[PDB]
Amino acid sequence: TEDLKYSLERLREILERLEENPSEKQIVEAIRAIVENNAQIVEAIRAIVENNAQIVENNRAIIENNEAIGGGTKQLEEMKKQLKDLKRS
Amino acid sequence: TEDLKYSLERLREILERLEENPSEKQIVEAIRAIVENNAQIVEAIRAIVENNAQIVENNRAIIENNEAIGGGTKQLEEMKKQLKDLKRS
Amino acid sequence: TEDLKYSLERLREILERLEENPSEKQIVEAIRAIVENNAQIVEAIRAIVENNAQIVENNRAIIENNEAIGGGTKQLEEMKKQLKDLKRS
Ligand SMILES: [Br-]
Ligand SMILES: [Br-]
Numbered sequence: 001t002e003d004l005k006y007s008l009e010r011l012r013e014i015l016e017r018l019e020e021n022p023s024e025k026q027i028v029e030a031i032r033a034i035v036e037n038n039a040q041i042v043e044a045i046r047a048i049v050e051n052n053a054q055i056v057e058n059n060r061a062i063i064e065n066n067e068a069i070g071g072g073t074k075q076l077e078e079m080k081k082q083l084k085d086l087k088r089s
Numbered sequence: 101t102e103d104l105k106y107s108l109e110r111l112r113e114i115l116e117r118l119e120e121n122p123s124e125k126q127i128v129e130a131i132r133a134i135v136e137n138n139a140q141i142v143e144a145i146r147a148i149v150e151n152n153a154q155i156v157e158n159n160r161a162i163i164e165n166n167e168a169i170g171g172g173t174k175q176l177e178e179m180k181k182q183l184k185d186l187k188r189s
Numbered sequence: 201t202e203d204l205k206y207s208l209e210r211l212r213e214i215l216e217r218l219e220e221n222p223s224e225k226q227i228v229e230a231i232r233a234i235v236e237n238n239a240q241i242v243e244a245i246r247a248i249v250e251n252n253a254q255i256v257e258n259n260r261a262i263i264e265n266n267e268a269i270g271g272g273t274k275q276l277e278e279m280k281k282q283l284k285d286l287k288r289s
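Chains A, B and C are the protein sequences, given in the same order. First residue of the first sequence? That's 1 in my numbering, and the numbers climb one at a time after it. First residue of the second sequence? That's 101 in my numbering, and the numbers climb one at a time after it. First residue of the third sequence? That's 201 in my numbering, and the numbers climb one at a time after it.
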């Protein structure tokens, strides 16, 4: 992500020269720079997307823990029902 | 992400010709391609931001399961006290 | 991500003038606009990446709750074993 910020910084420096003394080779130089920055942006998006797979894994885990807690909650309610009935005995 | 990867590869080819034999219409053609690629980048960021709403949902669900586990742990300790107290009688 | 969508829309509007009557100052105008759009894209990616730290925090919390649910299940099983022993004897 720091690569991105630097890439953009180089791009602003090229644009700085271009706007002062315009030139065709500087226009092309600018476009090449833009492409390189775009290629890094795509790499970063690619990494964000692969990383975001964890959101799904966290989802499944939360859902599993929901179920486990439900089972334990029922077992404790059956245990409390066992004591209340046994204590009377 | 493949769509994004492809519009970048096209953009490399346009840039390829541009540097081989520079021209105005090629410069414009390149700028048009950059706009198209940026539009795809923006859609991808939009989808990433949309998709990332699930992180908020996960955190809330985690917080709720924390409360349930807190209640279940409290009752098990309340039950343990009951059993130990019963053993006396 | 509305700033992005507007920036891209401005960029498409400069691109219409460019393809209408090509010109050097318009080519530069377009490149400056592209740089600004990329700058916003980078900011957006930056924010997505910082936000995504919460995925790590959620993962840890889920792991913590897995351990607690495991201990609660063990304690409840040992309690069920105790009552069955007391009820018998
Ligand atoms: Br998450
Ligand atoms: Br959880």
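Note that beta-carbon positions come from the ideal geometry of N, C-alpha and C, so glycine has one too.
| Check | Outcome |
| --- | --- |
| So that I know if they touch, is there some Cβ in chain A lying closer than 7 Å to that of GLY272 of chain C? | yes |
| Assuming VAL235 of chain C contacts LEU11 of chain A (C-beta within less than 8 Å), just tell me the rounded distance between them. | 6 Å |
| Can you list the residues near ligand 2, meaning Cβ strictly closer than 6 Å to any non-hydrogen atom, in the order they appear in the chain? | A:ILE62, A:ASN65, B:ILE162, B:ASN165, C:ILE262 and C:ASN265 |
| What's the gap between the Cα of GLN182 of chain B and the Cα of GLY272 of chain C? | 17 Å |
| Closer than 7 Å by beta-carbon distance: list the chain A residues that pair up with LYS181 of chain B, in chain order. | The premise fails here: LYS181 of chain B is roughly 12 Å from chain A at the closest Cβ pair, so nothing lies under 7 Å. |
| Tell me which same chain residues have a C-beta within less than 8 Å of the C-beta of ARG88 of chain A, skipping the five on either side of it? | none |
| For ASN38 of chain A, would you say it is in contact with chain B, using Cβ-to-Cβ distances shorter than 7 Å as the test? | yes |
| What do you reckon, are the CB atoms on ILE241 of chain C and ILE41 of chain A nearer than 7 Å? | yes |
| Tell whether a beta-carbon distance below 7 Å holds between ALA133 of chain B and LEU118 of chain B. | no |
| Roughly how many whole angstroms lie between the Cα atoms of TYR6 of chain A and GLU57 of chain A? | 33 Å |
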